[PDB]
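**Q** Sequence below, structure please.
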Amino acid sequence: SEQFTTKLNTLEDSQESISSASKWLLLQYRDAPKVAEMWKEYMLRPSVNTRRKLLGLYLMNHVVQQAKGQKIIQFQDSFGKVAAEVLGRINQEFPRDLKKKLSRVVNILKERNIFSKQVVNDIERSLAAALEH
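**A** Numbers count the residues shown, from 1 in each chain. See below for the structure:
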């Protein structure tokens, strides 16, 4: 629902506040397919700063990380799909500093087995493409 954008637009730059938001976003699993699309648009919105995009990335990470604990594939699969594309694209805007921070998020998604091997491979491929172009 629109509650995603409510928490996203009011998303504060702090892990505590980010987790607090994601706690409620776990209830959006019914519309997760659409939430991921909203997240995608946000991440690929030119009116959003690269810092604010990374902040949004942090929010997603918390949601799917908790979804991993809650075993909610509605978030894992949905966000994984769009993440494969987004993560590659936004690295063309992110500076080296924020690109490193991004790669840390990716490492978490992989190492914690949050996203499937298919999704991870798709991410890594798009990341390589981002490095190439």
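**Q** rest of the way, CA atoms for contacts and neighbours
**A** Will do.
**Q** In the chain, which helix is the longest?
**A** helix 50-70 (DSSP state H).
**Q** Contacts for that helix, please.
**A** 8, 11, 13, 18-19, 21-23, 25-26, 39, 42-43, 73, 75-76, 79, 90, 93-94, 98, 102, 105, 109, 113-114 (C-alpha atoms under 8 Å, 6 or more residues apart in numbering).
**Q** how does it look with 7 Å?
**A** Contact partners of helix 50-70, identified using C-alpha atoms under 7 Å, 6 or more residues apart in numbering, comprise 13, 18-19, 22, 25-26, 43, 75-76, 93-94, 105, 114.
**Q** Filter these down to the buried ones and hand me the ChimeraX line.
**A** The buried residues among those can be selected in ChimeraX (16 or more other C-alpha atoms under 10 Å) with this line:
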select :18,19,22,25,26,43,75,76,94,105,114
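**Q** Among the contacts of helix 50-70, give me the pair with the biggest separation.
**A** Using C-alpha to C-alpha, those span at most 29.0 Å, a distance reached by 26 and 93.
**Q** from the contacts of helix 50-70, which ones fall inside strands?
**A** Judged by DSSP state E, strands contain none of those.
**Q** could I get the contacts of helix 50-70 as a markdown table with distance to residue 120?
**A** Conversion of the contacts of helix 50-70 to a markdown table gives the following (distance: C-alpha to C-alpha, whole Å):
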| residue | distance to residue 120 |
| --- | --- |
| 13 | 26 |
| 18 | 23 |
| 19 | 23 |
| 22 | 22 |
| 25 | 23 |
| 26 | 22 |
| 43 | 18 |
| 75 | 15 |
| 76 | 11 |
| 93 | 21 |
| 94 | 20 |
| 105 | 12 |
| 114 | 9 |
